[PDB]
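Engineer: how would this look folded up:
(one chain, ligands or ions: 3)
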Amino acid sequence: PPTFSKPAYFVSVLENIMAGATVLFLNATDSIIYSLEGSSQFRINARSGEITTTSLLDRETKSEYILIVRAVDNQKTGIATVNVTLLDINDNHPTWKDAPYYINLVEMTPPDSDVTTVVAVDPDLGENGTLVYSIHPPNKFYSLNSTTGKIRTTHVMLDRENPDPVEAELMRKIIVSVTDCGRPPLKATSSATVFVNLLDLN
Ligand SMILES: [Ca+2]
Ligand SMILES: [Ca+2]
Ligand code: NA
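Structural biologist: Residues are numbered from 1 along each chain as shown. Ligands and ions are numbered 1, 2, ... in the order given. Have a look at this structure:
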């Protein structure tokens, strides 16, 4: 009544595993003909018990599969589950959420005043989905919490009556770029501008 080495099988592959690639090898005994049910993404070779992908997978669509595998020869069936888990691979860029950002700010607003919060999103997992945010070029007027996106003013004040054009530019435009922390790291297509409309206290 032909049965497998184990009743239940646990396997891990990577979301970029190729079309056709071997997932797992199964042998049952007490000849023997094998069949696999539970996703069309997977097929099992009927003589040899080799499970393979039929297609490309994607953990962001489906991270875990359960397949059911049957061995038959007065024939008798035997059943084992196979429990495929896809390991995340860093294959999505972050995407800016509500960019660009248009804001109105009172000049000489004091140290540590709220300005905005930039937000991006990454559908990958763990380090690959973790977002880190940076102001370029180095902006002396604004400080940004690299993990949370929140932007605040600095101990340097915002003075509209400042004659350096570049410092005025810095005051009135903030450019954030965002990465994620997998290897390779991936950045959002483009940076994201906060546009700042400076207002006196008339
Ligand atoms: Ca992924
Ligand atoms: Ca990513
Ligand atoms: Na993907």
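Engineer: Contacts only, for the residue nearest the centre of the chain.
Structural biologist: Geometric centre of the chain, nearest residue: residue 124, 1.6 Å, by C-alpha atoms, centre = their mean. By C-beta atoms under 8 Å, 6 or more residues apart in numbering, residue 124 lies in contact with 60, 88-92, 180, 182. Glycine gets a C-beta too; all of them are placed from N, C-alpha and C.
Engineer: Equivalent analysis for residue 14, please.
Structural biologist: With C-beta under 8 Å, 6+ apart, residue 14 has these contacts: 86-87, 89.
Engineer: how far does stretch 21-38 sit from the chain's center?
Structural biologist: Relative to the mean C-alpha coordinate of its chain, stretch 21-38 is positioned 33 Å out (C-alpha atoms, centre = their mean, to the nearest Å).
Engineer: State the helix or strand in which residue 40 lies.
Structural biologist: If you go by DSSP states H and E, residue 40 is not part of any helix or strand.
Engineer: Tell me how far it lies from residue 57.
Structural biologist: Here the criterion is C-beta to C-beta, to the nearest Å. By it, residue 40 lies 12 Å from residue 57.
Engineer: Pick out whichever of the two has more residues nearby.
Structural biologist: For residue 40 versus residue 57, the count of surrounding residues by other C-beta atoms under 10 Å is larger for residue 57: 25 against 8.
Engineer: pretty sure residue 112 is touching residue 150, no?
Structural biologist: No - judged on C-beta atoms under 8 Å, residue 112 makes no contact with residue 150 at a distance of 10.8 Å.
Engineer: The two: which has the busier surroundings?
Structural biologist: Per other C-beta under 10 Å, whichever of residue 112 and residue 150 has more neighbours is residue 150, with 16 against 10.
Engineer: That one bridge partners, please.
Structural biologist: Beta-bridge pairing of residue 150 under DSSP bridges involves residue 117.
Engineer: likewise residue 44?
Structural biologist: Under the criterion DSSP bridges, residue 44 forms beta bridges with residue 51.
Engineer: if I pick it, what's in contact with it?
Structural biologist: By C-beta under 8 Å, 6+ apart, the contact list for residue 44 reads 26, 34-36, 50-52, 67, 69.
Engineer: Keep the residues you listed, but drop any that are not near ligand 1.
Structural biologist: Counting by C-beta under 5 Å from the ion, nothing from the contacts of residue 44 sits close to ligand 1.
Engineer: Okay, and the nearest residue to residue 172 once chain neighbours are set aside sits in which element?
Structural biologist: Leaving aside its chain neighbours, residue 172 sits nearest to residue 196 (5.1 Å; criterion: C-beta to C-beta, 6 or more residues apart in numbering). Assigned by DSSP H and E, residue 196 belongs to strand 192-199.
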